[PDB]
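Colleague: coordinates only, sequence not included:
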Ligand SMILES: CC(=O)O[C@H]1C(=O)[C@@]2(C)[C@H]([C@H](OC(=O)c3ccccc3)[C@]3(O)C[C@H](OC(=O)[C@H](O)[C@@H](NC(=O)c4ccccc4)c4ccccc4)C(C)=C1C3(C)C)[C@]1(OC(C)=O)CO[C@@H]1C[C@@H]2O
Ligand SMILES: Nc1nc2c(ncn2[C@@H]2O[C@H](COP(=O)(O)OP(=O)(O)OP(=O)(O)O)[C@@H](O)[C@H]2O)c(=O)[nH]1
Ligand SMILES: Nc1nc2c(ncn2[C@@H]2O[C@H](COP(=O)(O)OP(=O)(O)O)[C@@H](O)[C@H]2O)c(=O)[nH]1
Ligand SMILES: [Mg+2]
């Protein structure tokens, strides 16, 4: 039932801060409430200190807030072998302690980014260990995907490749969201040219609330975390589904919240609203989970799905007859009063896995190989105790996934 | 994240005097007072450069090393010279002669013993030591000479920690010391083999910036050092405060040097306008990048237009959206792709902090590593050999204690560095 | 000139190896030039100059290249021997050898003295720890600097100078040096044959096998020196592959590469000897050892 979240990295803590804000807010709980079922770990004291002096300061406990007052950096090697294996022992203890307190936890909710140092290396060994101790648990992660062009680090794809190489075998489902795509939605739909980091995180939090919080609540058609992976991942490899929302309308400029189920659902099948840069170029739908929260009529959902099924424009996988997971909840999508979201009585959470991920991987992998070809900042990894072998093995594993995805669909 | 500052040489002490006069305003600390900062955010990061002890008296970890007693004496009698502890005053009343060998093999060697003790004392303070900051000129006894031995022992003692050095480059048009190129060649030799981070500050470029971009008729040395000090604070200090994308020395160096050949960086400043007529408030976003990537904004004599941008670290400090920043940087890389390196996806590492330099709305510090900086080394190399072949003032070095081959050791190394750069330029 | 020639050495089938786990046919021997990898399944093809073992002993390995090497060095040529291996790879047996079966070192000494007016044998032994070298030519108790000559190549300053009149003297030299040794560090043994009526240097290199396991940044530091050395070999490999290349050699990168620069920049043949175990469990060990030499 319960799911302990493990937010790691600067962006991980930032996104978690916004995510947890909505969580307690939509539950009608004040900052000075209940006990948060999540932990925050990073390598920069300033990042964690911000939470210890910001909003919901007394909502969290210092025990679930590890502060690595030594070094942070932005390289996988450092945040994994050198200083990464320093606080891992304590971190594992903290989560295990909480897991002992909970009443039959379903698994852990990982929150991090594929780029950076702490959000890459730490997560890799964390999930590695977690899958060894709690292998009989659901491993759901929300790995923030680096933008295709808008990279924040020079070694961005140099870390992501390694992260997705090791954790790929110690993960069940990795919900990927493109940071650049967040700007797109905010510009195209929200029509805002001032998207602060908090705004980007708030949009994802809105999704998370509908994936865990509300879904864990009693509805018309409940869906457990076990049902998630059982339908989302048809293979042993940790697949990366996309997180798409429906009510992305602004609360000022546009005002048409009275949209039918056939409209909101149809909005989750467009590149303009997918929350990822994986445009539907050749991405065959192998699994698509539709989580409806709010005023939702069962028949309306069935009709909406059928309408898309016979659309033909959206090509599905050949061996996939009916890869649609239906989820109907009762509580509507809660929105922050001082925000940009219009706030509707119904929302649709589209979680689909397609062959479009291949294009994303192909770009990221290419960007990595090009740098690796000239060695690049490899010396900054070698000195941390990491050998060339690790990078090469990662490249080979990534290539396998590149072929794997194209072997799942495409061919009949 | 504690950092210790060390000033070597007359020039180093003069620059440091300005740095600790500007950074004090950044943290809001009175000369011999306490925390008088406007806000409270500055207090949560004072341990980075200041050390706790008396409580009210926040002392700055800045060791002063110079063979010229007069230099340190003028600083200790200044408006901010009483904040320095007698412990940090590592003076040596010896031959302050402008000679590398003198401040390294003879007079410098004996004074280093005391320096090593003080540096160890300051390094074992609290929290976690990040690295060291050194200010020195490539044309002085204690500057280039002592600065060399200083960093050599520092890196040998703590090779785990980083080294952020500020190298004062001799003006190409009109140098100060006649033995400047000789000293510069010897300093750059150990620099590329010891320090990891080094910024190039030109003496003539400093005059140009304050003459064309600024409305300063007479750019005094203090004014020149002011500009540099106000720039360095936006690198180290600014990267210690909370913001959209918090960075750090490691986050910078590990995202700036593609190769372990040191790689010198060229500084710059976007909001470089006068207080009068230039107060147009033109600091939305495109104006920042426009001036940051300007050939006449470079703190170095060399222009990156003649070379290729290997890696650029853009550190912004103020309230701004990630969209307007990153998107603008992309436009720059796409428009100036001709010299932005095609073997690297993104060469501009963005960083946005949420704290401007007090009386400012928007600001951005420029730090770029370009292959065009080879023109600088080529200049020193040409100057060196020109007088080296004739052995102009070589006797001044041999008189103190220097090897005839030692001269070539530094020359061959500096020349080899230029080669490495040019190879990757084309 | 010649290319860096890499020879793979397979440790003779030891009881401890087979007793450890199922050694079986992890490493396969398909000709002396190439090796087939069937690591219990992992498929890989290892291409080397010449592979020796597990049947081929040390003597046969020495008689091949080293026997000729000694003669070349005595002539006044510069030769460098590279010896790499991780834990239990059997490096000691290959380089030093046993009591009965003398390894490359003792056997080389025999040939050195066999060539035996101007004949002075200078042997130096130093190890590197934390980018700092220490002269093992004697001392149990305690700056060393590389200066560069007009020739262009650097030399180790403050090194000790001992004459070796007898083979046993050279052997005793290493024994003492090995006692004051810092899995840690790289020690170099240099035997100079100075013949007059002429400078040649024969240097042995004991390279640490690299580690990803848990002094500051010791493993990472030595790992860097291992990679820099490899990059230098790779640069030369492709240099001789093509008619020409920029060949930016990372000599300056590590202190060891600068000592190596004397030989590597100058005229001299290089011998890359990597010794590994034929065991299946040691696949990770052997893999990293093979990755050092590189694929074709
Ligand atoms: C009324 C008003 O707004 O005055 C401004 C001002 O007129 C201008 C012209 C300032 C002014 O700066 C200079 O004239 C200048 C003099 C010598 C060398 C370099 C610059 C200013 O003196 C500088 C001062 O800068 C700061 O306060 C920053 O915090 C800055 N501080 C210092 O450099 C400093 C100066 C004296 C004592 C202690 C610190 C800083 C910058 C980066 C990192 C840390 C601190 C500012 C905004 C102004 C005045 C006061 C006129 C400008 O410079 C800076 C560094 O902000 C010059 O172009 C900019 C644009 C500013 O608008
Ligand atoms: N959506 C979103 N993306 C963010 C946010 N913060 C950072 N990012 C993105 O995530 C990447 C930045 O990672 P960093 O902040 O450098 O590093 P980190 O992953 O926190 O870990 P370290 O490198 O060790 O500091 C870039 O691609 C940013 O664009 C945020 O608040 N929201
Ligand atoms: N920017 C700047 N340069 C300086 C200052 N003082 C000396 N210089 C430069 O430093 C060089 C001279 O070296 P100097 O500092 O006297 O050497 P030292 O004192 O013997 O170590 C010349 O190129 C000067 O332009 C200063 O306060 N600011
Ligand atoms: Mg961070």
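Modeller: Ah, there it is. Numbering: from 1, shown residues only, chains lettered A, B, ... in the order given. Ligands and ions are numbered 1, 2, ... in the order given.
Colleague: Would you mind naming what in the stretch 201-350 of chain B lies close to ligand 3?
Modeller: B:203, B:206, B:221, B:224, B:225 (CB under 6 Å from any ligand atom). For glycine as for every other residue, the C-beta is placed from the backbone atoms N, C-alpha and C.
Colleague: For the last one, which non-adjacent residue is spatially closest?
Modeller: Across the structure, with CB to CB, 6 or more residues apart in numbering or on different chains as the measure, the residue nearest residue B:225 apart from its sequence neighbours is residue B:18 (3.9 Å).
Colleague: Tell me, how many residues neighbour that neighbour?
Modeller: 22 (other CB atoms under 10 Å in any protein chain shown).
Colleague: tell me which element it is part of?
Modeller: helix B:9-27 (DSSP states H and E).
Colleague: From the chain's centroid, how far away is that helix?
Modeller: Computed by CA atoms, centre = their mean, to the nearest Å, the chain-centroid distance of helix B:9-27 equals 12 Å.
Colleague: Likewise for stretch C:194-208?
Modeller: 13 Å.
Colleague: what does stretch B:266-279 give?
Modeller: Worked out by CA atoms, centre = their mean, stretch B:266-279 lies 19 Å from the chain centre.
Colleague: Tell me the buried residues in it?
Modeller: B:266, B:267, B:268, B:269, B:270, B:271, B:272, B:273 (16 or more other CB atoms under 10 Å in any protein chain shown).
Colleague: Is it positioned near ligand 1?
Modeller: Yes. Contact between stretch B:266-279 and ligand 1, assessed by CB under 6 Å from any ligand atom, occurs at B:271, B:272, B:273, B:274, B:275.
Colleague: how about the residues of chain C near ligand 1?
Modeller: Near ligand 1, when you scan chain C using CB under 6 Å from any ligand atom, you find nothing.
Colleague: and the most centrally placed residue in chain C, what element?
Modeller: Nearest to the geometric centre of chain C sits residue C:82, at 1.9 Å (CA atoms, centre = their mean). Taking DSSP H and E as the definition, residue C:82 sits inside strand C:78-84.
Colleague: What pairs with that strand, parallel or antiparallel?
Modeller: Sheet pairing of strand C:78-84 (DSSP bridges) gives strand C:199-207 (parallel), strand C:268-276 (parallel).
Colleague: What is the burial count for residue B:154?
Modeller: Residue B:154: 24 neighbours (other CB under 10 Å).
Colleague: show me where the chain has helices.
Modeller: Answering for chain A, as no chain was given. Along chain A, the segments classed as helices by DSSP state H run A:10-26, A:45-51, A:84-101, A:123-133, A:156-166, A:179-188, A:197-208, A:225-232, A:261-266, A:298-309, A:357-373, A:379-382, A:388-408.
Colleague: Can you look at chain C instead?
Modeller: C:15-20, C:58-61, C:67-74, C:91-95, C:104-114, C:167-179, C:218-241, C:255-265, C:283-293.
Colleague: again with chain B
Modeller: According to DSSP H, the helices that chain B contains are B:9-27, B:69-75, B:107-123, B:147-157, B:180-194, B:203-208, B:221-232, B:249-253, B:286-292, B:322-335, B:374-388, B:395-400, B:404-425.
Colleague: With distance to residue A:376 added, can I get those in JSON lines?
Modeller: Formatted as JSON lines, those follow (distance: least, CB to CB, whole Å):
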{"stretch": "helix B:9-27", "distance to residue A:376": "33"}
{"stretch": "helix B:69-75", "distance to residue A:376": "43"}
{"stretch": "helix B:107-123", "distance to residue A:376": "31"}
{"stretch": "helix B:147-157", "distance to residue A:376": "23"}
{"stretch": "helix B:180-194", "distance to residue A:376": "20"}
{"stretch": "helix B:203-208", "distance to residue A:376": "30"}
{"stretch": "helix B:221-232", "distance to residue A:376": "27"}
{"stretch": "helix B:249-253", "distance to residue A:376": "14"}
{"stretch": "helix B:286-292", "distance to residue A:376": "24"}
{"stretch": "helix B:322-335", "distance to residue A:376": "17"}
{"stretch": "helix B:374-388", "distance to residue A:376": "20"}
{"stretch": "helix B:395-400", "distance to residue A:376": "40"}
{"stretch": "helix B:404-425", "distance to residue A:376": "12"}
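Colleague: before we move on, the earlier item: so can I have JSON lines of the helices of chain A showing mean neighbour count and distance to residue B:347?
Modeller: Formatted as JSON lines, these follow (neighbours: other CB atoms under 10 Å in any protein chain shown; distance: least, CB to CB, whole Å):
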{"stretch": "helix A:10-26", "mean neighbour count": "24", "distance to residue B:347": "22"}
{"stretch": "helix A:45-51", "mean neighbour count": "20", "distance to residue B:347": "26"}
{"stretch": "helix A:84-101", "mean neighbour count": "16", "distance to residue B:347": "27"}
{"stretch": "helix A:123-133", "mean neighbour count": "20", "distance to residue B:347": "27"}
{"stretch": "helix A:156-166", "mean neighbour count": "26", "distance to residue B:347": "12"}
{"stretch": "helix A:179-188", "mean neighbour count": "20", "distance to residue B:347": "18"}
{"stretch": "helix A:197-208", "mean neighbour count": "23", "distance to residue B:347": "23"}
{"stretch": "helix A:225-232", "mean neighbour count": "20", "distance to residue B:347": "37"}
{"stretch": "helix A:261-266", "mean neighbour count": "19", "distance to residue B:347": "41"}
{"stretch": "helix A:298-309", "mean neighbour count": "15", "distance to residue B:347": "43"}
{"stretch": "helix A:357-373", "mean neighbour count": "18", "distance to residue B:347": "11"}
{"stretch": "helix A:379-382", "mean neighbour count": "25", "distance to residue B:347": "16"}
{"stretch": "helix A:388-408", "mean neighbour count": "17", "distance to residue B:347": "21"}
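Colleague: I'd like those written out as JSON lines, with distance to residue C:267 added.
Modeller: Converted to JSON lines, the helices of chain A look like this (distance: least, CB to CB, whole Å):
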{"stretch": "helix A:10-26", "distance to residue C:267": "54"}
{"stretch": "helix A:45-51", "distance to residue C:267": "56"}
{"stretch": "helix A:84-101", "distance to residue C:267": "46"}
{"stretch": "helix A:123-133", "distance to residue C:267": "47"}
{"stretch": "helix A:156-166", "distance to residue C:267": "39"}
{"stretch": "helix A:179-188", "distance to residue C:267": "55"}
{"stretch": "helix A:197-208", "distance to residue C:267": "59"}
{"stretch": "helix A:225-232", "distance to residue C:267": "63"}
{"stretch": "helix A:261-266", "distance to residue C:267": "75"}
{"stretch": "helix A:298-309", "distance to residue C:267": "74"}
{"stretch": "helix A:357-373", "distance to residue C:267": "31"}
{"stretch": "helix A:379-382", "distance to residue C:267": "30"}
{"stretch": "helix A:388-408", "distance to residue C:267": "30"}
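Colleague: closest one to ligand 4 among those helices?
Modeller: Evaluated over those, closeness to ligand 4 peaks at helix A:10-26, with 2.6 Å, by CB to the ion.
Colleague: Okay, angle between the closest one and helix A:197-208 too, please.
Modeller: Interaxial angle, helix A:10-26 versus helix A:197-208 (axes from the mean of the first three to the mean of the last three CA atoms, to 10 degrees): 60 degrees.
Colleague: packing partners for helix A:10-26?
Modeller: For helix A:10-26, the packing partners by 3 or more CB pairs under 8 Å, 6 or more residues apart in numbering or on different chains; DSSP states H and E come out as strand A:3-8, strand A:38-42, helix A:45-51, strand A:107-113, strand A:138-145, helix A:197-208.
Colleague: rerun that using 7 Å as the cut-off
Modeller: strand A:38-42, helix A:45-51, strand A:107-113, helix A:197-208 (3 or more CB pairs under 7 Å, 6 or more residues apart in numbering or on different chains; DSSP states H and E).
Colleague: Between those, which one is closest to residue A:25.
Modeller: When the helices and strands packed on helix A:10-26 are compared by CB to CB, helix A:197-208 sits nearest residue A:25, at 9.8 Å.
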